[PDB]
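1. no FASTA, just this:
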Ligand SMILES: *[C@](O)([C@H](C)CO)[C@H](CC(C)C)NC(=O)[C@H](Cc1ccccc1)NC(=O)[C@H](CC(C)C)NC(=O)[C@H](CCc1ccccc1)NC(=O)CN1CCOCC1
Ligand SMILES: CC(C)C[C@H](NC(=O)[C@H](CCc1ccccc1)NC(=O)CN1CCOCC1)C(=O)N[C@@H](Cc1ccccc1)C(=O)N[C@@H](CC(C)C)[C@@H](O)[C@H](C)CO
């Protein structure tokens, strides 16, 4: 079962996800990526049902890119978030609802760093930090304990490490490696994968 | 979810189990022991339902010890196995059935090394090697591929390592460490715990 | 609920909230979830209120009778095993109950987790209840066997606090007990509203 | 069913059994579970027989029309995405189907897993079917990207064999294909009864 | 509520020879514990080269039969040629899968001659999954018929035996034998056995008798 | 709905509506494009400089995707329609197929759309022609041209709209391997070809370039004035010292 | 219950020539809190607020579609909207989904833009209006809020007594509910000004 | 089905003055094989064998309790047991659990210890006896076994033809069943000797 | 069997004129004259209800129609078209009321009806309405008078006239009338401006008057008209 995490700093957004694609009792992929580039400064972390995730996420993505092509400028992280929330909410009472939980990370030239949280019921909420999946139940409290609004990206990465290590300690699911990226004024930056040399 | 494994050699029996006691989504114990000393040369690896495991296992254990005290000699691994199988089968259609899967390792002064496999339905079957739990589905084939009736205990330990490593690779459950013991003419010997330096 | 207990060098720390709900309705915020079995034996309490109270009280009775009969104090392992055996006979009948038996034994500091499901495991740290995960987070991120006393107090109190922050069914007041060799001592009983002011600013 | 595919230096190895059951009854042991989509595209087949056959055949049709229209060969990613999109529109309706799309692409050796559930993931090795776990065991214990051709053949064949040994719903004959840059080649088709004699003695 | 299905029994068999193809079936139509009729063969002549056997739910059998007829005619009008056997097999596959979510409760075995004159069987499942075989059984007594043919025609589990190709005569007696044996154990199989032989000459129809209990 | 045949055959076998649409294209501002080694350049003429109009909001060069750009000639509104539908298609292709889009593909889509509008009831042919330009994977630079009829072809260099035959002839007589051997030289070729028909300026010319794996880059009037200065200098250093 | 999935509480009170509207700030999923600053009260114009309790998604969605129709209304007609009019609008919007209703129970509080006459109403999930002269409540802790309001509310309250009343009601009702709380926000609106305060509350 | 949980197959055939009994060797749980040497045929004395197919536990248990009662019988009475007697014994033992039956269908094959007259019978899970002169089958692949036996069995077979017949029947029936197989064992018993062979079979 | 013409019957002439609308106006400026006067405390609508025979029953069909309890209608042009527009207007009003539970503002009803009239100048297979409408109303304290012509355009009037001699009537109202008038005075100058064209003995059955104050809209009884048509009262 999948795990997402977002931590917003004063001028950046740090995001991380697990790299496991599993079915039944086996891991079928150890390098799965749960993140979707939608703008040069917007990442969409989607998680949940089998096909619903990729389908919905790619739909939103291509629509954002379509906006960019049609208008010459990209959607703001907020406009993006409300766009996805609108789409997800519209399909909620339809024949084809998408069972997806998501995070949206972004940087605006005006509003700065932003992190958004979305229920599968399409309830959108902005937060300094958030997490999805069972792992969240073990990590959120930690984030409560150590997070400060002025936290530096180094300290943020260290905090993320505390969380992931906690997952290694208490969580019954495997989850050996993690995709980690950051977003600022210079767009999306891939960081070294937090991994634990199990076997 | 729990994992048991047994590999019988020409003059020894190698047994191993996971060290995880888990409830819900958290590991509650990282040094749980699934083995029960019943004779000086008999080990009982029990796994399954919450209280059923410990209750049944301890019942059998104390009854074997009672046999030893009453008669001055210990039950053979076979007699033990059929004793436990009788008890488990008797409670099967009763008000209080024990949902337990088990392995029985032993060494007889006459018959040598012996490994036994038991369904929760109390179906007893002798085998050169066996395994319990979901992990078995990933390890048994490996045991088919590399096991030989004349395998040395060093080679047996190495094979066990192959199995556990495979668990680290494909299995979605954590299972970082493993209890490993061997049984021969000199009784039960505790070996170094096979562990994988995750975190 | 949100009880937790961990053993270190200087004994066994035990902590809990005090909220009691009947659905979404908060029925009480003044519940003593740490039952004083013996002056050396404590029992945390989570799940069905009546179940926990009744069974741990009965456990206390049994331990007292043991003390009178054997002219010695019952061990932690024996108490936990007693409770586990009593509870197991009712397995499947719907008793909701998850408790921790803590104390000081002839084997030193002792801590056991006992389920209504049938579990009974010794361990270093434990957290039981609806907010157990949240407590587990901070507790694990701050635990050490070489923790000084006041540090252990801070760790436990804070863990229960954060738990009450995230868990909707946990709140009221953080209660804290310390189990030492000469018996246990009632450390603190700080309301969450005050701990908020203390921890935030 | 029990199919497996893995990509190494010298292309993409594909292997499968041939058993087809209708309950406990073995309806066939002569089923070609590796569909030849294009001379460069193969599709394994596990789950509902009619479902897999129909949908992969339709996939082949679509790929052919693509080849005619765009005057070029379809990519592995595009074929897998095509099948995934076709199948997704029937999600929840009860199609049982788990397939692997293998081939050689402009990006070199390509291997995708596509579900009736909605999955679609690229990867190095894959095993699909009732005996997939057993195959995963030996395949993982013997895999390397630097495997020589005959070694890869041995690994695949053996993995499917052991799978047929443990899985009651897998048997018949191990079929083996090799996907190279100039297309795929039908490597072997050894019956399990013979492979038993070969592997045991 | 209401069930749109009822099992009407019937067993079905096809064997492919070098220059022939046999399609046989019992003639018993039953429902529940009762006999509807003893004169109901499950064999249907499609073309001079192709015969189809359909067992299971009689409604879907009749319907599917008439559909196949109509579409044979359509193909004939469209391409000025008759449908080859394998083509009929593929078409049948699509037709069966067209009801993937409301299947014809029908077990189908097609027997005939290919374009090289050789014999061919095609076995189907109710939703279109088919394959080419030398010999196959279907219907109620299928599990009783199959193992013997695996032994006698496939020469399976037999050490140092010769692989002599099946002649029309031996195949015929084999069919009669497996049906006679099936009539002993299967309660849905009995009354009469109709056999359809397909060669370059055309289609012969023979009728052996089975017990009436 | 409006079920009326608009585009029909004439007794001489002509589709008058389509021809009329082509005449509407003929009235459009000139739009030329050339294909080079590592660059591709599109430039549009008479931008109707009113100097009170925002230049950005009237550009005749539009990007369809990160891979493909496009210029047009004819009715601007129709062109907006076609361009947007093309962009939507470019995204849909990514949705149904993991791979992006080839220039030939989107060109074929646009062409098919136009033709569909030449043969449908109640509709009316798009009064535009398009110069589509891109660098599809494999590196091969490609330029295509479309027509209201639905016909489409590939070109090394071409021109449409106001005065298209003149620039076509010029490009025919000037397209060499020596010319367009360098990026700046190809751009200079485009600017020269445009100057051979435009009302002699530079503030009337909009030029844009696509290069390698980079994004589309529009040229500022300063850079255009620089290239035009170099062109006016090469026309006095190789055409003045010989005539 | 579907309503109890997110929890929450919304209340409105009447004053002399002023009006009040309050709501808790917790956004939670069943038993876990996700956010402590979740907006449940939205301005539908100057001196007219709406407060939605229930399923968070439908709160946001109803708010947004209502703002849609409202904007169109204040554009077509050259005026601000009357409280009664807004109420009927919400009623219509909710009843359009009679057989597939949004799971939210809106509470409208404002002053007549022409007059100043205070106004409070509440509605069903299917849009049945109910206007009162004292208070209206909606949420998972409606019984507690009723308990406080029935004992604290007085008729002609000044903008200071109204604040204290609605604040004590909200705080003490919410403190007996597990899924409502994590802070309380109060808007006290009068002809001249609007005063927005967040109360000191329990965070457990 | 409960019977299909472990799978398996048991068959018995009559001969001239000999008798035969065969069974597969697979011990599996649903779809996974655990053992390839599982005993399903037990000797209830010299020249008298029983073969139990069905739920493995009840196979072993019925075998054990039957051996219990048998031993007590051959002790109380100074003789070996007759085939008919053993059959009635099993019938009684099974019917004692009429409303909580063992899930196994026993098949008895032997020779009359006094005479030599061959004997084969089978029973319900509730112990209804059925004696035949040709063959008896019990297992998950009963229909296949019936198919083979109805076409291969001849009356007066010598100890060599009987072996070939029961072997081909078992092999070819079992090879069309997914949960039966992994080897076949055959006991051909006659007045002078007992011959036990394990056949070459598919292991998939 | 039938379907419909999907093409506009109203198109632009080379000069730029929507000819069918202008012809519709020609139909309008040809029907019985109608005057409307807004008067501070109310509104008055008046029209020539001159039949063509003593056989006609003037108490069966009316030219002054109510839309709701507060809005009224008169017209100039074709009867049937007017009738259609009246039904449609009433329906629109009821929709507004069902949605908002508040009587529809006069301006809003005017705009909506105007949209309806606009449709028939562009929609397929139809001609525009040969009708101009005078719409009176009482909303939010103030009185309202509106006019809507076949093009779908609408204007707010203090006072105006339509139909035959609408120019002479417009100048008449422009001179012999102004603001601050009471309802009575307005009715008086309305019957007076109607008299500037009514060729014949203007009885109480030759003209129809409706009033709309802040107490609602209603049609004046023939008796009240008789009292007013006594050149006094
Ligand atoms: C695979 O999974 C391995 C062998 C493990 O089973 C193979 C792979 C492929 C490509 C052959 N899959 C099967 O063997 C598959 C099992 C399965 C069945 C149904 C759903 C999911 C998996 N077997 C079939 O599909 C089978 C083909 C035979 C070779 C004839 N067909 C059936 O079992 C018929 C029903 C399929 C169906 C009907 C209605 C709706 C959807 C699908 N079976 C019967 O008609 C008879 N019978 C009735 C009662 O017992 C079970 C089936
Ligand atoms: C009245 C309050 C103070 C006590 C409360 N009791 C109750 O809720 C009793 C129990 C009745 C019962 C019948 C049959 C069998 C068992 C129990 N129920 C009722 O009083 C009436 N209700 C009817 C409809 O609403 C819900 C309950 C309770 O036990 N609450 C538990 C939760 C619970 C567990 C099992 C069943 C029902 C509820 C609790 O607070 N547990 C805490 C610890 C203990 C020691 C208080 C923790 O778990 C923390 C706070 C999270 O809830």
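-> Alright, I've got the coordinates. Numbers count the residues shown, from 1 in each chain, chains lettered A, B, ... in the order given. Ligands and ions are numbered 1, 2, ... in the order given.

2. so which strand or helix has the residue nearest the centre of chain E?
-> With distances taken as C-alpha atoms, centre = their mean, the residue of chain E nearest its centroid is residue E:53 (3.3 Å). Taking DSSP states H and E as the criterion, residue E:53 maps to strand E:50-56.

3. then residue A:43?
-> The secondary structure element spanning residue A:43 is strand A:42-48 (assigned by DSSP H and E).

4. before we move on, what about residue G:196?
-> Residue G:196 belongs to strand G:194-198 when elements are defined using DSSP H and E.

5. for residue C:7, same thing?
-> In this structure, residue C:7 sits in strand C:3-8 according to DSSP H and E.

6. tell me the helices and strands packed up against that strand.
-> Contacts defined by 3 or more C-beta pairs under 8 Å, 6 or more residues apart in numbering or on different chains; DSSP states H and E place strand C:3-8 against strand C:11-16, strand C:97-105, strand C:108-115, strand C:125-128, helix C:132-142, helix C:149-166. In short, each C-beta sits where N, CA and C put it, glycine included.

7. make a markdown table from the ones you listed and add mean neighbour count and distance to ligand 2 to it.
-> Converted to a markdown table, these look like this (neighbours: other C-beta atoms under 10 Å in any protein chain shown; distance: least, C-beta to the nearest ligand atom, whole Å):
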| stretch | mean neighbour count | distance to ligand 2 |
| --- | --- | --- |
| strand C:11-16 | 28 | 9 |
| strand C:97-105 | 25 | 9 |
| strand C:108-115 | 22 | 14 |
| strand C:125-128 | 26 | 9 |
| helix C:132-142 | 26 | 10 |
| helix C:149-166 | 23 | 10 |
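
8. same list (the ones you listed) but as JSON lines, adding distance to chain E.
-> What follows is these, written out as JSON lines (distance: least, C-beta to the nearest C-beta, whole Å):
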{"stretch": "strand C:11-16", "distance to chain E": "55"}
{"stretch": "strand C:97-105", "distance to chain E": "45"}
{"stretch": "strand C:108-115", "distance to chain E": "45"}
{"stretch": "strand C:125-128", "distance to chain E": "49"}
{"stretch": "helix C:132-142", "distance to chain E": "43"}
{"stretch": "helix C:149-166", "distance to chain E": "46"}
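
9. the residue in chain E that ligand 1 sits nearest to and residue D:51, how far apart?
-> When C-beta to the nearest ligand atom is the measure, chain E has its nearest residue to ligand 1 at residue E:125, with 4.0 Å between them. If you measure residue E:125 against residue D:51 using C-beta to C-beta, to the nearest Å, the figure is 11 Å.

10. do residue G:28 as well
-> In this structure, residue G:28 lies at 42 Å from residue D:51, with C-beta to C-beta as the measure.

11. can you check residue C:168 too?
-> Plainly put, residue C:168 is 45 Å away from residue D:51 if you go by C-beta to C-beta.

12. circling back to that earlier point, export the helices and strands packed on strand C:3-8 to CSV and tack on distance to residue A:68?
-> Listed next are those as CSV, based on distance: least, C-beta to C-beta, whole Å:
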stretch, distance to residue A:68
strand C:11-16, 53
strand C:97-105, 53
strand C:108-115, 55
strand C:125-128, 48
helix C:132-142, 40
helix C:149-166, 38
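
13. of all these, which one is nearest chain G?
-> Distance to chain G, taken as C-beta to the nearest C-beta, is lowest for helix C:149-166 among these, at 4.3 Å.

14. for the closest one, packing partners?
-> helix A:136-146, strand C:3-8, strand C:11-16, helix C:132-142, strand C:173-180, strand C:183-191, helix C:192-200, strand G:32-35.

15. nearest to residue E:168, of these?
-> helix A:136-146 (72.6 Å; C-beta to C-beta).

16. buried residues in the helix or strand that the closest one is followed by?
-> Sequence-wise, the next helix or strand beyond helix A:136-146 is helix A:153-170, with elements assigned using DSSP H and E. Within helix A:153-170, the residues scored as buried using 16 or more other C-beta atoms under 10 Å in any protein chain shown are A:153, A:156-157, A:159-160, A:162-170.

17. could you tell me the phi and psi values at residue F:96?
-> Note on residue F:96: its backbone torsions stand at phi -90, psi -20 [degrees, to the nearest 10].

18. same check, this time on residue G:99
-> Here the main-chain torsion angles of residue G:99 (degrees, to the nearest 10) amount to phi -100, psi 10.

19. and what of residue F:56?
-> Here the main-chain torsion angles of residue F:56 (degrees, to the nearest 10) amount to phi -60, psi -40.

20. quick check: closest non-adjacent residue to residue E:108.
-> The shortest distance from residue E:108 to any residue that is not its chain neighbour, by C-beta to C-beta, 6 or more residues apart in numbering or on different chains, is 3.9 Å, and that residue is residue E:124.

21. tell me how many other residues crowd the residue in chain E that chain C sits nearest to.
-> With distances taken as C-beta to the nearest C-beta, chain E approaches chain C most closely at residue E:1, which sits 35.7 Å away. Neighbour count for residue E:1, taken as other C-beta atoms under 10 Å in any protein chain shown: 2.

22. hmm, back to that, dump the helices and strands packed on strand C:3-8 to TSV, plus distance to ligand 1.
-> Converted to TSV, the helices and strands packed on strand C:3-8 look like this (distance: least, C-beta to the nearest ligand atom, whole Å):
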stretch	distance to ligand 1
strand C:11-16	51
strand C:97-105	41
strand C:108-115	39
strand C:125-128	43
helix C:132-142	38
helix C:149-166	43
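
23. nearest to residue H:125, of the ones you listed?
-> Closest to residue H:125 of the helices and strands packed on strand C:3-8 is strand C:108-115 (C-beta to C-beta; 38.1 Å).

24. what about the closest one and chain B, touching?
-> Yes. If you take C-beta under 8 Å from any C-beta of the partner chain as the test, strand C:108-115 does meet chain B, through C:113, C:115.

25. what's the first helix or strand after that strand?
-> Immediately after strand C:108-115, counting by DSSP H and E, sits strand C:120-122.

26. and chain A, is that next one touching that?
-> No. Using C-beta under 8 Å from any C-beta, strand C:120-122 stays clear of chain A, coming no nearer than 14.9 Å.

27. list the contacts of that strand.
-> Strand C:120-122 is contacted by residues B:21, B:28-29, B:32, B:51, B:54, C:77, C:80-81, C:84, C:110-114 when judged by C-beta atoms under 8 Å, 6 or more residues apart in numbering or on different chains.
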